[PDB]
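Engineer:
Number of protein chains: 2
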Amino acid sequence: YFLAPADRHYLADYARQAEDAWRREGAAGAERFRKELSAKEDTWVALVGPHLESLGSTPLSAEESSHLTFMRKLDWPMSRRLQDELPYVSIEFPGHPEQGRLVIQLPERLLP
Amino acid sequence: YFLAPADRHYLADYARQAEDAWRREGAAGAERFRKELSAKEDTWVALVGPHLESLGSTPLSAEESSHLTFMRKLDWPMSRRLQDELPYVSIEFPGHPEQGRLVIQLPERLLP
Ligand SMILES: [Cl-]
Ligand SMILES: [Cl-]
Ligand SMILES: [Cl-]
Ligand SMILES: [Cl-]
Ligand SMILES: [Cl-]
Ligand SMILES: [Cl-]
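Chain order of the listed sequences is A and A'. A prime marks a further copy of an entry chain.
Heads up, PDB author numbering is the position in the first sequence plus 36, with the first residue counted as 1.
Heads up, PDB author numbering is the position in the second sequence plus 36, with the first residue counted as 1.
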């Protein structure tokens, strides 16, 4: 029911990359990173700030905002049970967590 | 580990009242309701809209926004375990859930 340690590390590295993109290029960097990661992992991705708004140039729809309310951290139990969908994983920016976080819907291959 | 049915009903009724206040008086009504419920139940309360912003006249601080990300629904298992604090409970407005929700930090007396 828990992500393997190496998978936690892998996803955490994406949050580091997300933060770096935000820091280096701001909204435009967050937007490009979001698109690239989403395509790579074939899954929903968002970079969100302290007020849970998109850090990218494209705002979140209300539907997307609804994904932000029942999230899991990398070391928490994971399952499709409660909501019949893959969990949304919340991963703080590692350098300055107060600036934002990476949210990624768990890729299907990684589910415990 | 689950709220008793009568307690689910009780808290759900607060969400109905919250929606009614929002519908009747807008931001001013949401603000007054939030204050009244918080005082009554001696606990943190927020009314938030589709973008997870306050429906009241006072905006959420970043600290308050952080309460919105790991919430529980009324019929989900409840515990202090995972985060060492009372759970934040998310309860949709019953008439028009797309317009907002009541968030209430679970009163201590109601914890399974
Ligand atoms: Cl934000
Ligand atoms: Cl947004
Ligand atoms: Cl985190
Ligand atoms: Cl809102
Ligand atoms: Cl707000
Ligand atoms: Cl609900």
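The beta carbon of each residue, even a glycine, is placed where N, CA and C say it ideally should be.
Measuring only the C-alpha atoms, how far is residue 67/A' from residue 91/A'?
Structural biologist: Taking the first residue of the second sequence as position 1, residue 67/A' is located at position 31. Taking the first residue of the second sequence as position 1, residue 91/A' is located at position 55. Computed Cα separation, rounded: 8 Å.
Engineer: Distance cutoff 8 Å, beta carbons only. Does residue 107/A' sit that close to anything in chain A?
Structural biologist: Along the second sequence, read from residue 1 onward, the residue named residue 107/A' stands at position 71. True, the Cβ-Cβ gap to chain A drops below 8 Å.
Engineer: Count the other CB atoms, across all protein chains shown, that sit within 10 Å of the CB of residue 38/A; report buried if there are 16 or more and exposed otherwise.
Structural biologist: Counting from 1 along the first sequence, the entry for residue 38/A is found at position 2. Classification of residue 38/A: exposed, given that the 10 Å Cβ count is below 16.
Engineer: At a cut-off of 7 Å, would you count residue 95/A as near ligand 5, judging by its Cβ distance to the nearest heavy atom?
Structural biologist: One-based indexing of the first sequence puts residue 95/A at position 59. No; taking the cut-off as 7 Å, the Cβ of residue 95/A has no heavy atom of ligand 5 nearer than that.
Engineer: Is the segment 48 to 64 of chain A' touching the segment 132 to 143 of chain A' in the sense that three or more CB pairs, one from each, lie closer than 8 Å?
Structural biologist: Yes, the segment 132 to 143 of chain A' touches the segment 48 to 64 of chain A'.
Engineer: Within the continuous beta strand (DSSP E) that includes residue 101/A', where are the two ends?
Structural biologist: If you number the second sequence from 1, residue 101/A' lands on position 65. No beta strand (DSSP E) contains residue 101/A', which is instead part of the alpha helix (DSSP H) from 98 to 101.
Engineer: Alpha carbon to alpha carbon, how far is residue 79/A' from residue 47/A?
Structural biologist: For the purposes of this step, residue 79/A' is taken as residue 43 along the second sequence, with counting starting at 1. For the purposes of this step, residue 47/A is taken as residue 11 along the first sequence, with counting starting at 1. Spanning the two alpha carbons is a distance of roughly 35 Å.
Engineer: Please list the terminal residues of the continuous alpha helix (DSSP H) segment that includes residue 47/A'.
Structural biologist: Looking up residue 47/A' in the second sequence gives position 11. Looking at the DSSP string, the run of the alpha helix (DSSP H) that includes residue 47/A' is 41 to 77.
Engineer: Could you check whether the Cβ of residue 128/A sits closer than 7 Å to any heavy atom belonging to ligand 3?
Structural biologist: Within the first sequence, the letter at position 92 stands for residue 128/A. Correct: residue 128/A has its Cβ closer than 7 Å to ligand 3.
Engineer: Leaving out five residues on either side along the sequence, give the residues of the same chain with a beta carbon under 6 Å from the beta carbon of residue 54/A.
Structural biologist: Taking the first sequence and counting its residues from 1, one reaches residue 54/A at position 18. Closer than 6 Å at Cβ, skipping near neighbours: 69, 83 and 138.
Engineer: Could you check if residue 40/A is buried or exposed, using at least 16 other CB atoms within 10 Å of its CB as the buried criterion?
Structural biologist: As a working note, residue 40/A is residue 4 in the first sequence. Residue 40/A is exposed by the Cβ-count criterion.
Engineer: Could you please give me the residues that DSSP links to residue 124/A' through a beta bridge?
Structural biologist: For the purposes of this step, residue 124/A' is taken as the residue at position 88 of the second sequence. In DSSP, residue 124/A' forms a bridge with 141/A'.
Engineer: Can you list, in chain order, the residues of its chain whose CB lies under 7 Å from that of residue 44/A', leaving out five sequence neighbours each side?
Structural biologist: Position 8 of the second sequence, counted from the start, is the residue given in the question as residue 44/A'. Only 110 and 111 meet the Cβ criterion.
Engineer: Once you ignore the five residues that flank residue 123/A' on each side, which residues in its own chain have a CB closer than 6 Å to its CB?
Structural biologist: As a first step, residue 123/A' must be located in the second sequence, where it is residue number 87. Within the same chain, residue 123/A' has close Cβ partners 108, 114 and 142.
Engineer: By alpha-carbon positions, which one of 97/A, 104/A and 118/A ends up nearest to residue 86/A?
Structural biologist: As a position in the first sequence, residue 86/A is number 50, starting the count at 1. If we check each option's Cα against that of residue 86/A, 104/A comes out closest.
Engineer: What are the start and end residues of the beta strand (DSSP E) that includes residue 110/A?
Structural biologist: Position 74 of the first sequence, counted from the start, is the residue given in the question as residue 110/A. It is not in any beta strand (DSSP E) - residue 110/A carries neither H nor E in the DSSP assignment.
Engineer: Contact criterion: CB-CB distance below 8 Å. Does residue 45/A meet it with respect to chain A'?
Structural biologist: As a working note, residue 45/A is residue 9 in the first sequence. False, the Cβ-Cβ gap to chain A' never drops below 8 Å.
Engineer: Does the beta carbon of residue 86/A come closer than 8 Å to any beta carbon on chain A'?
Structural biologist: Here the question's residue 86/A lines up with position 50 in the first sequence. So yes, residue 86/A belongs to the interface.
Engineer: For residue 40/A', decide whether its Cβ has a neighbour in chain A, counting only Cβ atoms nearer than 8 Å.
Structural biologist: What you label residue 40/A' is simply residue 4 of the second sequence in a count that begins at 1. So, not an interface residue.
Engineer: Per DSSP, residue 26/A' is paired with what?
Structural biologist: Because chain A' spans 37 through 148 in this model, residue 26/A' falls outside it and cannot be assessed.
Engineer: Got a sec, what are the start and stop residues for the beta strand (DSSP E) residue 83/A' sits in?
Structural biologist: In the second sequence, residue 83/A' corresponds to position 47, counting from 1. Where residue 83/A' is concerned, the enclosing beta strand (DSSP E) stretches over 81 to 84.
Engineer: Hey, how far is the Cα of residue 94/A from the Cα of residue 88/A?
Structural biologist: One-based indexing of the first sequence puts residue 94/A at position 58. One-based indexing of the first sequence puts residue 88/A at position 52. Spanning the two alpha carbons is a distance of roughly 13 Å.
Engineer: Name, in chain order, the residues that DSSP records as bridge partners for residue 90/A'.
Structural biologist: Working through the second sequence from its first residue, we reach residue 90/A' at position 54. The partner list for residue 90/A' (beta bridge, DSSP) reads 84/A'.
Engineer: In chain A, what lies closer than 8 Å to residue 101/A' by C-beta?
Structural biologist: Here the question's residue 101/A' lines up with position 65 in the second sequence. Here the neighbours are 86, 87 and 88.
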